[PDB]
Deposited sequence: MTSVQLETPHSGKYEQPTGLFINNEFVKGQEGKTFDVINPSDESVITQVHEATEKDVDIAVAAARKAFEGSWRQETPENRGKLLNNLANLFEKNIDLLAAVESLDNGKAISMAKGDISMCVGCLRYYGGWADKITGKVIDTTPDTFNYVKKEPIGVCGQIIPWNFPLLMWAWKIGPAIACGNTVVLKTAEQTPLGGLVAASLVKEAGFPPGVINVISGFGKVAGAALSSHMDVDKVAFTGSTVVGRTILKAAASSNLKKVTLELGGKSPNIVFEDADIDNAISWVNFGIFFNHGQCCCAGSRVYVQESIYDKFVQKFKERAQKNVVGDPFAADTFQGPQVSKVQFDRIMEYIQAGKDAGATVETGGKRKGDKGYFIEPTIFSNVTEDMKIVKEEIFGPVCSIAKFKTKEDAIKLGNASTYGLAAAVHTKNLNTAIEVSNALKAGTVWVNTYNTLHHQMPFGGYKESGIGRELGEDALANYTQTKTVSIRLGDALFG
């Protein structure tokens, strides 16, 4: 399926195609047209033509109408879309239905916001009139990863289109299929040509080309810190465009004395093993109070024990490079003397399946504890003081999210007030919602994403001061 430009599926100016492999049986699904720097420039040129006197005319009332249209389409095709994702990405299809649900709530939630962006009328002290507009930024290019390609698709598209920007989305080469079938829905929903363009390519070729584009007004990156620094470096070399990143971090999971146990093991099971641990906020450092530690760890072990089947909860990892980094991390974790409760071996000759991995007898500064593994691999420890879980859990330059299980409100408030995370879950984990914003503290991110906060990043403030008598 070709590049989505001006509501058409053109093909690559140089005709490059690149290969799409299925993680379940390693076979090759098909090939997808590749954008190079000439493609990116013409895409961006389409976005700007739309921005210029086309979609500036459209009314917020309608911009929401369109978004709601898109969400109903998504909803009309939950089954196709969840399949595409399971094929391309490798996720349990009952899980994939979950993911599209989140897409229909996220788009529709931003549908509501389109007509509710408002500036201010500042009563300046003198006898003058001053209004503060919020306007669209213009061309917004976003790069999304392959954890939640369709979900991340809908995060980026939503905000930008509610506010009235025109966008250019690059799908990660790993999972370029979803964003394209979504793009087909974008034509049924009644969006002008140009408003929304979807690109497939690599970070190093198109990815970059977006970042350095002198006619791109905003980039919005979701992936590894490493590439993020690249992206920041790109914006600075080009036109100083507005950047907002959501890098990943190795978040923690914390259990207390008073806390309920059966929910903990279940939520911390979900906290690391959800999406195979292939999500930004997974809970790889698990900390339990010493009193409860031994039995908890036993009770955690027992809980640990094809995507298209309905029984599966885990699945293939996205690529063998990503598989072979995960496997390099597990051997590193054992090479360091850490015991293994359960974990350490692939499943089956075909496919990238990896087992849920646990580690004990681990020190505070192994390679595995505070460097992003990005698979189903986690660490357990014993803490005793309230101030311990603080010094321990935040002993970390990556603070994207955290958790705290307790029954004592004072502990809950104090710890969560003390924790240095963009998101704190009390008695839950890995539950995101569009209403509440999501982002990285310090090195996990630059800017916040869900909620009304997203909107800030895609609007901007003009001060008009009508001075007179």
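Residues of the deposited sequence that lack C-alpha coordinates fall in the stretches 1-17, 323-327, 492-496.
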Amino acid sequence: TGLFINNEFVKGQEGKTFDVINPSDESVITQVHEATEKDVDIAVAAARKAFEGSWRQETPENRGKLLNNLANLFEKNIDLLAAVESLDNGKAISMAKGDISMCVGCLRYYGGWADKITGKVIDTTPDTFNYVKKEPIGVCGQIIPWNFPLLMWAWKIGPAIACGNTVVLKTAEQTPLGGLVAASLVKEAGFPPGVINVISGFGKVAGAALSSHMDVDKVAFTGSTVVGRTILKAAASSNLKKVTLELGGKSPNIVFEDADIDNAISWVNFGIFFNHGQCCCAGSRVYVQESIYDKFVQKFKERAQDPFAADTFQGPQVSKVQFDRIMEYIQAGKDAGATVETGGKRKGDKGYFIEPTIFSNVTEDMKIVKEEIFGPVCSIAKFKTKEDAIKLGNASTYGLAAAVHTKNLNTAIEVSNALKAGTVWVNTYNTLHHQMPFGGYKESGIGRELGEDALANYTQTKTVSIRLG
From here on, numbers count along this sequence of modelled residues.
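Of the two stretches examined, 209-217 and 295-303, the record assigns the greater average C-alpha temperature factor to 295-303. With 106-114 and 270-278 compared on mean CA B-factor from the PDB entry, the stretch scoring higher is 270-278.
Taking the deposited Cα B-factors for 74, 129, 191, 359, the highest one is held by 359. For the set 133, 384, 242, 187, the PDB entry assigns the largest Cα B-factor to 384. Remark: residue 442 belongs to the highest third of its chain, ranked by C-alpha B-factor as recorded. The entry lists a Cα temperature factor for residue 146 that places it in the middle third of the chain's modelled residues. Residue 52: CA B factor in the middle third of modelled residues in this chain (values from the PDB entry). Among all modelled residues in this chain, the alpha-carbon of residue 320 has a temperature factor (C-alpha) in the middle third. Among the modelled residues of the chain, residue 58 sits in the highest third by CA temperature factor in this PDB entry.
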